[PDB]
Amino acid sequence: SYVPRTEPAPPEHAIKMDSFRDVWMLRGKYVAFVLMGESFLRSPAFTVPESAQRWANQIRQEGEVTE
């Protein structure tokens, strides 16, 4: 489908860093890809990897509304 797989940029295409689940280095920052349904909405990119990871896992399991 639409697949918002962003656009693999030269300075940072889709660097999975070190297997961080849903955290890929985009534009130098850490973006997350995971939606509650079937899409893939990207995060505003955080300077901290775990900050984007947690938000990604929460919006996935709880689907936006955390518990």
# chains A, B, ... in the order shown; residues from 1 in each chain; ligands from 1
>>> residues_around(residues="range 47-60 of chain A", least_positions_apart="4", cutoff="6 Å", atoms="only C-alpha atoms", output="PDB file with C-alpha atoms, in the first residue's frame")
ATOM      1  CA  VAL A  23      13.899   2.829  15.531  1.00  0.00           C
ATOM      2  CA  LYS A  29      17.879  11.677  14.233  1.00  0.00           C
ATOM      3  CA  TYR A  30      15.937   8.621  15.384  1.00  0.00           C
ATOM      4  CA  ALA A  32       9.958   5.384  14.535  1.00  0.00           C
ATOM      5  CA  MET A  36      -2.194   1.228  15.198  1.00  0.00           C
ATOM      6  CA  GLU A  64      -2.215   5.370  20.636  1.00  0.00           C
ATOM      7  CA  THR A  66      -1.418   3.925  26.382  1.00  0.00           C
TER       8      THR A  66
END
>>> residues_around(residues="range 2-11 of chain A", least_positions_apart="4", cutoff="9 Å", atoms="only C-alpha atoms", output="list in words")
residues 15, 26, 27, 28, 33, 39, 40, 41 and 42 of chain A
>>> select_by_dssp(residues="chain A", states="alpha helix (DSSP H)", output="list in words")
residues 49, 50, 51, 52, 53, 54, 55, 56, 57, 58, 59, 60 and 61 of chain A
>>> select_by_dssp(residues="chain A", states="strand (DSSP E)", output="list in words")
residues 23, 24, 25, 26, 29, 30, 31 and 32 of chain A
>>> write_last_selection(atoms="N, CA, C and O atoms", output="PDB file, in the first residue's frame")
ATOM      1  N   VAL A  23      13.140   1.583  15.533  1.00  0.00           N
ATOM      2  CA  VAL A  23      13.899   2.829  15.531  1.00  0.00           C
ATOM      3  C   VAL A  23      14.969   2.834  14.444  1.00  0.00           C
ATOM      4  O   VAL A  23      15.935   2.074  14.498  1.00  0.00           O
ATOM      5  N   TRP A  24      14.777   3.703  13.456  1.00  0.00           N
ATOM      6  CA  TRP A  24      15.711   3.839  12.344  1.00  0.00           C
ATOM      7  C   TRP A  24      16.249   5.267  12.276  1.00  0.00           C
ATOM      8  O   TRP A  24      15.486   6.229  12.369  1.00  0.00           O
ATOM      9  N   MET A  25      17.561   5.401  12.114  1.00  0.00           N
ATOM     10  CA  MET A  25      18.192   6.714  12.035  1.00  0.00           C
ATOM     11  C   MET A  25      17.820   7.421  10.734  1.00  0.00           C
ATOM     12  O   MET A  25      18.262   7.027   9.654  1.00  0.00           O
ATOM     13  N   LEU A  26      17.004   8.467  10.844  1.00  0.00           N
ATOM     14  CA  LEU A  26      16.581   9.232   9.675  1.00  0.00           C
ATOM     15  C   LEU A  26      16.912  10.715   9.842  1.00  0.00           C
ATOM     16  O   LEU A  26      16.540  11.339  10.835  1.00  0.00           O
ATOM     17  N   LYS A  29      18.615  11.923  13.001  1.00  0.00           N
ATOM     18  CA  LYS A  29      17.879  11.677  14.233  1.00  0.00           C
ATOM     19  C   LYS A  29      17.302  10.268  14.238  1.00  0.00           C
ATOM     20  O   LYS A  29      17.554   9.485  13.324  1.00  0.00           O
ATOM     21  N   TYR A  30      16.530   9.946  15.269  1.00  0.00           N
ATOM     22  CA  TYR A  30      15.937   8.621  15.384  1.00  0.00           C
ATOM     23  C   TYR A  30      14.421   8.673  15.221  1.00  0.00           C
ATOM     24  O   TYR A  30      13.708   9.176  16.088  1.00  0.00           O
ATOM     25  N   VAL A  31      13.940   8.143  14.100  1.00  0.00           N
ATOM     26  CA  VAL A  31      12.511   8.118  13.807  1.00  0.00           C
ATOM     27  C   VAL A  31      11.934   6.723  14.041  1.00  0.00           C
ATOM     28  O   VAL A  31      12.658   5.728  13.995  1.00  0.00           O
ATOM     29  N   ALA A  32      10.629   6.657  14.292  1.00  0.00           N
ATOM     30  CA  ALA A  32       9.958   5.384  14.535  1.00  0.00           C
ATOM     31  C   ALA A  32       8.861   5.133  13.505  1.00  0.00           C
ATOM     32  O   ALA A  32       8.188   6.064  13.064  1.00  0.00           O
TER      33      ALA A  32
END
>>> atom_distance(atom1="CA of residue 1 in chain A", atom2="CA of residue 17 in chain A")
25.6 Å
>>> atom_distance(atom1="CA of residue 22 in chain A", atom2="CA of residue 45 in chain A")
12.0 Å
>>> closest_residue(among="A:63, A:46, A:14, A:19", to="residue 34 in chain A", atoms="only C-alpha atoms")
A:63
